[PDB]
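A.B. asks: Protein chains in written order, with our numbering: chain A, 1368 to 2126; chain B, 34 to 796; chain C, 70 to 159; chain D, 70 to 159.
First the structure, then my questions, so here it is.
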Amino acid sequence: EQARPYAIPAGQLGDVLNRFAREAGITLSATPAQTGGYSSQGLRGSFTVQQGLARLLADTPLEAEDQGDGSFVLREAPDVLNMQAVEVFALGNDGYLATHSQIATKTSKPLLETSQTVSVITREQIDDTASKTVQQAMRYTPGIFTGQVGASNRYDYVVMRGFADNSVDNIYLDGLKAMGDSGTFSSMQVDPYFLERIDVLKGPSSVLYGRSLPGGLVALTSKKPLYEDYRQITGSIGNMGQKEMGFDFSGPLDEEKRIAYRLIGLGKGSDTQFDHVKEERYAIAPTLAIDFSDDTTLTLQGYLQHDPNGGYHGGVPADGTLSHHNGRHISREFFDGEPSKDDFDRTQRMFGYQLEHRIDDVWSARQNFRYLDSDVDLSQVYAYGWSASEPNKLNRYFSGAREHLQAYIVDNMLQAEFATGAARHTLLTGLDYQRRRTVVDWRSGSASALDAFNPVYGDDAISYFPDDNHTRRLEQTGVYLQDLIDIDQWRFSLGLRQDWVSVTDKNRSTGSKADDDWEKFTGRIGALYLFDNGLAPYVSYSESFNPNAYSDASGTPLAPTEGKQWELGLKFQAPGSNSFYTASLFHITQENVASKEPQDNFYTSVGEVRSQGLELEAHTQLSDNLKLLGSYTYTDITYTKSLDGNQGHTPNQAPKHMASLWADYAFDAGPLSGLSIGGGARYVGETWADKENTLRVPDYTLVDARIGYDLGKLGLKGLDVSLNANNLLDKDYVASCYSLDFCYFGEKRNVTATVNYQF
Amino acid sequence: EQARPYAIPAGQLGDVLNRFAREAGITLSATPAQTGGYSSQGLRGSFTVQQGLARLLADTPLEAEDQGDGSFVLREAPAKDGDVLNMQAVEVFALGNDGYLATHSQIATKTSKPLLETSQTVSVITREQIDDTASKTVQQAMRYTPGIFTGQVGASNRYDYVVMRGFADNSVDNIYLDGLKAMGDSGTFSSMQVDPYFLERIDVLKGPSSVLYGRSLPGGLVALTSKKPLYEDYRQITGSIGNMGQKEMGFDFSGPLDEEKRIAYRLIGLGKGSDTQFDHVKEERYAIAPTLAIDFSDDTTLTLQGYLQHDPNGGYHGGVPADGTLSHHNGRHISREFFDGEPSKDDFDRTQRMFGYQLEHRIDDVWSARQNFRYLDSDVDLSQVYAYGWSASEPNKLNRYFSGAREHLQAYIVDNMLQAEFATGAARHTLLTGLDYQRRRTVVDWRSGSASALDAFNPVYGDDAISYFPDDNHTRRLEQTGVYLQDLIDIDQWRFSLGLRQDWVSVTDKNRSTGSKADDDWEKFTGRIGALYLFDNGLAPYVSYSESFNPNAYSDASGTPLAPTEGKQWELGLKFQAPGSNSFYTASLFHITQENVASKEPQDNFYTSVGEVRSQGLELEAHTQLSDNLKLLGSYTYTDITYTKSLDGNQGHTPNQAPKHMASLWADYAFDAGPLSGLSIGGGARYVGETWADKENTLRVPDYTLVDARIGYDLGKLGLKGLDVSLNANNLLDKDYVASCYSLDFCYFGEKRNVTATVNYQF
Amino acid sequence: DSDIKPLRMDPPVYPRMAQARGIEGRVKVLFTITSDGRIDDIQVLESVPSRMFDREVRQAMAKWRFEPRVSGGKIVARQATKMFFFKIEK
Amino acid sequence: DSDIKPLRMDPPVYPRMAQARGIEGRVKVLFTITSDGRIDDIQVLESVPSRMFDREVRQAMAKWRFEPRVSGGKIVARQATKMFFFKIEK
């Protein structure tokens, strides 16, 4: 009859009706259908049961009736009606796996339906494996050989399918070639800290991507701006005086969220494993997205980067590493150069933009542009073989360079997506232009010999040979066309390109200018089949055309490198599992290859080299916690046309066998929640040291490990810590050789500890 | 245009549409509203998006739009002719139906009222409390409750001695089970014990509660409320291993019996053992307890209950002189493991057997009937050699005597209650009349003697020779009938309370050995009045005046029977609970006078009335919910009790085994932090003041503080779901102490440290 | 032209002795939505616990009211199926 | 003698390049359900992030259809408010 006094908060009316029901001692029988969207109020003392109910659903069209035993039920009732609110959700869109790439095809398409061998390395991987360079991030990816100059981090060397020549000019950044001049020292590096993905296209890709080599390309993916406030600060301290600090802010600027920025920045250093050596870098990448109308969006991007120190990039004889020299080994520290005259100062300035426009439901244009301005300074003394007179001192030579580069590149794509009743087409047409001017001033000379065990530094004296200064220009323009036809369980890929190129080099100190032009049609025919299995076999016949900017020792310049690949392949994703397997079997034949030998200032061209093999690739997310990754490569490569004397022989720094497993367990329950333990092994087969097949660089297995803990669980949210060890077993080993006087050590144990703060 | 293969399992169509939108790489906008009661049974084939979406939503009235690449929306198509329409399901929820606290008592008022509105001091001990505090008997479970002194015979677990507001005489028959008195016979050895494994709650009614629960003492009573059957299958297996030979498995299955769920059972079982702190003693029990409830129409339910218990071994029940425990006897102490008796001529074999029903029938909108019935049958067997002061010739030896018994008990009790809930304008009523009735018949074959003397430290056992007196055989009858009437009137912010009772009792005792008999009849009118004022605030003072009437079947040294004990109590009170808040505070102030308390010294087979005793004091109780994981219990008890008529030259003195001051705190907090989810640490300390040792107040027993501790961990989180474990320890600091003394010749040790590692398994 | 459009379909009330002894369960029920707008020919296909919730589900459905099915030009009956779940909150 | 009774109240489509960027939001809206039984005079009261979802919401509402409100036996227009919440799964 009489009332009670209540004290009740607010919130989705359901709850408030519940608290009330409990506290009144009644029973409300009601459905989430009817209390649903409502969300409200509160109760503020001094009501009968009924009038409380009335006053609770006062602002709604509900009302509760009945009696007899405090059995009530909700119903309906009669200014302004408050309808239930609605929650509309976007249904639609993983760990070390990506099933999807835009890069392979210039259009978004799952890997299951794409007729070319492709790997993707994710952020998560890069950070779990502690890969500190682009080169290192591929240490777990098949058909790629890492250790090519061993421990040196000055350049990203990437050996595709046993093709280890021409291996630095291979990296594309948001689908535009880097634009360094691999014919000089002015080659560019990108830091992992700025990446989302690395996509690796094994085998010819010249049709979409302009100066591609026939073994493939590596494609880096810049990490664009987010549309809600994200802020991350990171810090990392490790051995070899490793010290790194970065930040990665992003967000939207306006209230309509049609503009957003991203600002990634880092500085870091390392004393390496080599004596008197420094690696040191600072970089900043602002990015700005701005939507114009509702179908045209603009992204302005920069990447300023300055390496005032260039780590070590040198090598020593196999006679003293693979073999005992007298009775001694050259240390896997060991420096071969005067610290007074050792200088590497690269500076990369990159501005560009990404312009997307929508035209119909059919058509769409895209324009990607980037301007490069760089500056490299070199002083470097180096060890080439043993002294003819002092028997434990290496002879040494000098190479110094001031070189300024500027280059730009651009890519216009027009993309019509239609149907022909039966089929579905996704047709691409483009025009791409690049040009690059490198002005170099180089000097060589000879230097003092140095004890290979117990060196004494000082004697930065150099007897300079006369200066070699040059001005290299290259311009290239291509037109391309690519239809991706899709009928039933079949997918076909057709592709055609027509490159025109022009390359010069006025030898400013002689006079000699060479000046040449080349032209070439290229293309891609490729068909696939998708069984209800989840099983997708395919063939591909692919070509590549890569114009080259180098010279002979005979003076005359090298012709473009050519490529023909047949590949038979099998992809398998069991109907939406969290797994993917690929098995690829290939046959590339490059004509005119282009080696160096690191003692000459000149290239040798080849005449055909042939490669063939097998790649098995596996990613499997065997549970909600454990993730797994593994590969086996088998490579069979041979100089099939050369006059070095080695026709019929096998190239050096190309292992037949390679294998890698990696695993990461992450506990998500119990005592040990937030803990992650991860590891892997890497195996490189035997390689040769020389192209005469004389001497073998022995095989090696590396172990890598990882402990990691989210301190969110303890209490400090957005905060974690991780401890990494790469080459856990501190192996002392020769990774590879370029020649019998130039063998390189592997990176000794790299321990690193990291602290992270997110948002 | 073209199809890919999918494999999506089944579930609340939302999910299954999500997995799909994902694997096709379209997007699809929908709302819970529209994907509500739809079940899905999902794709496994090769399909074309549209076709897959279509297939997915084929059993519903939904359809998916498209609108160009990706996109897709759930509109409601028309109308898919097919055949049958599958309407959205619906969930209909019932609304409004923590731990150590309970804000309602069904026992206090014989009808369910909140405690804030009940005008008498009631404490509640929950099942959870019992299990956290590792309380192994009823007596023990009240160790943290205020009012109540637990240490009456110390470590003895043969009986439940429960001293309420310092009235420690006559303290065994304080126990009611499912609202009917125990029906033991406090006059013999045949006094029943209830295992806490079979209980849900213990509600403590302090002060005179005779009106509603006949033949109760002025101290009040302790009310056991047993587990009843559940209408959802629930299964449980308990295992426990502990020190002092402690061993225990038990099970608890409850569930429904038919598919219409008009019937449910509850089978509870239990086997336990312990070789106690004391030399050569055992404590062994087995019991089964089947409960079964059957609804007769929509108006009626009948519950059948059984409780069969065997205690083949009786634990320890004995004491030793104050000289040698509170003093030093010819320079040493008697240990806390000292034996006393003689094995092979010391046993207590008890068998308890209880059958009964509870009939509940709703007569109409206003009126209702409840009928509670219990039959009890019992068989106690006793031999007990025991110690009684120091030998007059050998100096370090204790004099010893013998008490043997054979007792068949048989009793039944019933309580009929008729209840009317009506209104009188502003007056809200809950009027209740009853009539209740108990018959009890105890046939006892007692036997008694003098044993050998025993060295109190280094005893040599094996002289179980006994010189007997004549056997003493009696047959003891008690019959009691009550008519009672209780209205609870509730106007505006007042809650009145008004009770009226008329007991009629009759007690006979044929001494079958003498032939001679003591037939006696008594009557008394008892009542209470209680006014409580409740503030919107949460706060409620109250005053209570209440009366007690308790027939005694005991005899003098000469045999002249003892008169009933009577009691009057004025209580002033203050309960407070903030609206919403999970804390509850009470302060209670009381003055109780009893007439004719029946005392009894161990050595004796007789009782003595005591002209009058009075207790006045204060009780502060506080349960708080300090956070989401921390919970608390705390209490203070001030008790000033005194013999105010006595013709033994102890008039003015204070009764022994009654402590003036006792307080206790207990907390337990339980994590959900990632590192430690399901882990719980809990503990408490318990303080007891000085006690007297002496009706003549010559010695005093020191005070004592005891610590208790527990760790608990749900092994369900660590993967093994349902399983959980638990380690407790009672008297963690392993105090060696005398808990109370009955007299100068009988002082008892408190339990030593009791470690108990326990395992569980749910459903 | 159209289908069933609900106009009154208030839900049913949990049984008294079901909340008490928190019970829970379900009813599945096949029925007809007459040309005349009202519910008819109710058939219960599932009842857990047996025949417990049925009588409210029936009594609630009594009251229900719909715009009936249109099948190009004559109004038509409709056979339907619906599931009631009964639940307890906390 | 009656109220609004909705007959087609199909929800708005999550706008693309909004869900691409994973943006959630909300619109509150005040409107009229005319004698006609259709929606009219759509006034958008809250809109977070400003002007993002509004278009989709207006478009959806303009397809909605109701039994209009009846009051003392004459078809009558009626004022109403609704909230929409745009969210992204998982």
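Heads up, the beta-carbon is just placed ideally off N, CA and C, and yes, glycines get one too.
Residues in the same chain with beta-carbon distance under 6 Å from A:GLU1611, minus the five sequence neighbours each way, listed in chain order, please.
C.D. replies: The count along the first sequence starts at 1 and reaches residue 1611 of chain A at position 244. Cβ within range, chain order: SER1603 and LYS1635.
A.B. asks: By alpha-carbon positions, which one of B:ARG295, B:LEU303, B:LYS294 and B:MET277 ends up nearest to B:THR309?
C.D. replies: Locating residue 309 of chain B in the second sequence gives position 276, counting from the first residue. Of B:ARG295, B:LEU303, B:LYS294 and B:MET277, the residue nearest in Cα terms is B:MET277.
A.B. asks: Here's the rule: buried if 16 or more other CB atoms are within 10 angstroms of the residue's CB, otherwise exposed. What is C:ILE92?
C.D. replies: Mapped onto the third sequence, residue 92 of chain C falls at position 23. So C:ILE92 counts as buried.
A.B. asks: Comparing the C-beta of C:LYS74 with each C-beta of chain B, is any distance below 8 Å?
C.D. replies: On the third sequence, residue 74 of chain C is found 5 positions in, with the first residue counted as 1. Not an interface residue.
A.B. asks: Taking only beta carbons into account, state which residues of the stretch 1594–1610 of chain A come closer than 8 Å to chain D, listed in chain order.
C.D. replies: Those residues of the stretch 1594–1610 of chain A that come within reach of chain D (Cβ to Cβ, closer than 8 Å) are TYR1594 and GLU1595.
A.B. asks: Which residues share a DSSP beta bridge with A:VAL1535?
C.D. replies: As a working note, residue 1535 of chain A is residue 168 in the first sequence. None, per the DSSP bridge assignment.
A.B. asks: At the level of alpha carbons, what is the spacing between A:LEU2107 and A:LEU2062?
C.D. replies: On the first sequence, residue 2107 of chain A is found 740 positions in, with the first residue counted as 1. On the first sequence, residue 2062 of chain A is found 695 positions in, with the first residue counted as 1. Each residue's Cα considered, the two are about 9 Å apart.
A.B. asks: Going by the CB atoms, is the gap between B:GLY240 and B:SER579 shorter than 8 Å?
C.D. replies: Taking the second sequence and counting its residues from 1, the one referred to as residue 579 of chain B is at position 546. Taking the second sequence and counting its residues from 1, the one referred to as residue 240 of chain B is at position 207. Going by C-beta atoms, B:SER579 is nearer than 8 Å to B:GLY240.
A.B. asks: Would B:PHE126 pass as an interface residue toward chain A - the criterion being a Cβ-Cβ separation below 8 Å?
C.D. replies: Stepping through the second sequence from its first residue, residue 126 of chain B is reached at position 93. So yes, B:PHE126 belongs to the interface.
A.B. asks: Got a sec, what are the start and stop residues for the alpha helix (DSSP H) C:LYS132 sits in?
C.D. replies: For the purposes of this step, residue 132 of chain C is taken as the residue at position 63 of the third sequence. Unbroken alpha helix (DSSP H) run through C:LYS132: 123–132.
A.B. asks: With 8 Å as the threshold, decide whether the Cβ of C:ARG90 is near any Cβ in chain B.
C.D. replies: Taking the first residue of the third sequence as position 1, residue 90 of chain C is located at position 21. Cβ-Cβ to chain B under 8 Å: yes for C:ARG90.
A.B. asks: For B:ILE446, which residues does DSSP report across the bridge?
C.D. replies: Locating residue 446 of chain B in the second sequence gives position 413, counting from the first residue. Its beta-bridge partners are B:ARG407 and B:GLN471.
A.B. asks: What is the DSSP secondary structure of B:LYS260, reduced to helix, strand or coil?
C.D. replies: The residue you call residue 260 of chain B lines up with position 227 of the second sequence. B:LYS260 falls in the coil class under three-state DSSP.
A.B. asks: Nearest chain B C-beta to D:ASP79 closer than 8 Å, yes or no?
C.D. replies: For the purposes of this step, residue 79 of chain D is identified with residue 10 of the fourth sequence, where counting begins at 1. Yes, contact with chain B.
A.B. asks: Which residues bound the alpha helix (DSSP H) around B:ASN787?
C.D. replies: As a first step, residue 787 of chain B must be located in the second sequence, where it is residue number 754. No alpha helix (DSSP H) holds B:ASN787; the beta strand (DSSP E) holding it covers 787–794.
A.B. asks: Counting only the same chain and skipping the five closest in sequence on each side, list residues whose C-beta sits under 7 Å from that of D:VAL82.
C.D. replies: In the fourth sequence, the residue the question calls residue 82 of chain D occupies position 13. Cβ within range, chain order: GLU125.
A.B. asks: Quick check on C:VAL82: does DSSP put it in helix, strand or coil?
C.D. replies: By one-based count along the third sequence, residue 82 of chain C stands at place 13. Three-state DSSP puts C:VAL82 in coil, outside helix and strand.
A.B. asks: Residues of chain A with a CB under 7 Å from the CB of B:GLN35: which are they?
C.D. replies: Taking the first residue of the second sequence as 1, we reach residue 35 of chain B at position 2. Simply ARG1791, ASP1853, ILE1854 and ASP1855.
A.B. asks: According to DSSP, which residues form a beta bridge with A:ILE1854?
C.D. replies: As a first step, residue 1854 of chain A must be located in the first sequence, where it is residue number 487. Partner(s): A:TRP1857.
A.B. asks: Label B:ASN363 either buried or exposed according to how many other C-beta atoms from any shown protein chain fall within 10 Å of its C-beta, with 16 as the threshold for buried.
C.D. replies: In the second sequence, counting from the first residue as 1, residue 363 of chain B sits at position 330. By the neighbour-count rule (16 or more Cβ atoms within 10 Å), B:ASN363 is not buried but exposed.
A.B. asks: Quick check on B:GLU96 - is its C-beta less than 8 Å from some C-beta in chain A?
C.D. replies: In the second sequence, counting from the first residue as 1, residue 96 of chain B sits at position 63. No, because no Cβ of chain A sits closer than 8 Å to the Cβ of B:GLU96.
A.B. asks: With distances taken Cα to Cα, identify the nearest neighbour of B:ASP469 among B:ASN449, B:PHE80 and B:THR142.
C.D. replies: Stepping through the second sequence from its first residue, residue 469 of chain B is reached at position 436. It is B:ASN449.
A.B. asks: Within 8 Å (strictly less), CB to CB, does B:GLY101 reach chain A?
C.D. replies: As a working note, residue 101 of chain B is residue 68 in the second sequence. Chain A, which has a Cβ nearer than 8 Å to the Cβ of B:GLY101, makes this yes.
A.B. asks: By how many angstroms is the C-alpha of B:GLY495 removed from the C-alpha of B:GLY711?
C.D. replies: Here residue 711 of chain B corresponds to residue number 678 of the second sequence, with the count starting at 1. Here residue 495 of chain B corresponds to residue number 462 of the second sequence, with the count starting at 1. Distance between the alpha carbons of B:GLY711 and B:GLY495: 52 Å.
A.B. asks: Would you give the residue range spanned by the alpha helix (DSSP H) that B:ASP48 belongs to?
C.D. replies: The residue labelled residue 48 of chain B in the question sits at position 15 within the second sequence. 47–57 is the span of the alpha helix (DSSP H), which, as asked, contains B:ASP48.
A.B. asks: Just the chain A side, please: which residues come within less than 7 Å of B:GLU393 by C-beta, in chain order?
C.D. replies: What you label residue 393 of chain B is simply residue 360 of the second sequence in a count that begins at 1. Within 7 Å Cβ-Cβ: nothing; B:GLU393 doesn't reach chain A, min ~15 Å.
A.B. asks: If you measure between the beta carbons of B:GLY685 and B:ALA700, is that distance less than 8 Å?
C.D. replies: Taking the first residue of the second sequence as 1, we reach residue 685 of chain B at position 652. Taking the first residue of the second sequence as 1, we reach residue 700 of chain B at position 667. No, they are not a contact pair.
A.B. asks: Could you work out which residue in A:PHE2034, A:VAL2122 and A:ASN1992 is closest to A:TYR1463 when comparing CA atoms only?
C.D. replies: One-based indexing of the first sequence puts residue 1463 of chain A at position 96. The shortest Cα separation from A:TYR1463 among A:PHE2034, A:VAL2122 and A:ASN1992 belongs to A:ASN1992.
A.B. asks: Go through its chain and collect everything with a Cβ distance to B:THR541's Cβ below 7 Å, but skip five positions before and after it.
C.D. replies: Here residue 541 of chain B is taken as the residue at index 508 of the second sequence, counted from 1. Excluding residues within five positions, the ones whose Cβ falls inside 7 Å are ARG510, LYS550, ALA551 and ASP552.
A.B. asks: Under 9 Å between beta-carbons, which chain A residues line up against C:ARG85? List them in chain order, please.
C.D. replies: The sequence position of residue 85 of chain C within the third sequence is 16, counting from 1. Here the neighbours are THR1394, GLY1435, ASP1436 and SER1438.
A.B. asks: Starting from C:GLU158, find everything on chain A with Cβ-Cβ shorter than 7 Å and list it in chain order.
C.D. replies: For the purposes of this step, residue 158 of chain C is taken as the residue at position 89 of the third sequence. Residues of chain A passing the Cβ test: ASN1385.
A.B. asks: Determine the extent of the alpha helix (DSSP H) in which B:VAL171 is found, giving its start and end residues.
C.D. replies: Sequence index remark: in the second sequence, residue 171 of chain B carries index 138 (1-based). From DSSP, the alpha helix (DSSP H) with B:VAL171 extends over 171–174.
A.B. asks: In chain C, which residues lie less than 8 Å from A:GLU1984 when you measure between Cβ atoms?
C.D. replies: Translated into the one-based positions of the first sequence, residue 1984 of chain A becomes position 617. Chain C residues near A:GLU1984: none, gap ~47 Å exceeds 8 Å.
A.B. asks: Since A:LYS1760 and A:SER1754 should fall inside the 8 Å C-beta cutoff, what is the C-beta to C-beta distance between them, to a whole number of angstroms?
C.D. replies: Along the first sequence, one-based indexing puts residue 1760 of chain A at 393. Along the first sequence, one-based indexing puts residue 1754 of chain A at 387. Indeed they touch by this definition, with Cβ atoms about 5 Å apart.
A.B. asks: Between the Cα of A:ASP2071 and the Cα atoms of A:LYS2115, A:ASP2035 and A:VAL2101, which residue gives the shortest distance?
C.D. replies: Along the first sequence, read from residue 1 onward, the residue named residue 2071 of chain A stands at position 704. The option with the nearest alpha carbon to A:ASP2071 is A:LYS2115.
A.B. asks: Assess contact between the stretch 113–121 of chain B and the stretch 193–213 of chain B, defined as three or more Cβ pairs (one per stretch) separated by less than 8 Å. Is contact present?
C.D. replies: Cβ pair count under 8 Å is below three, so no.
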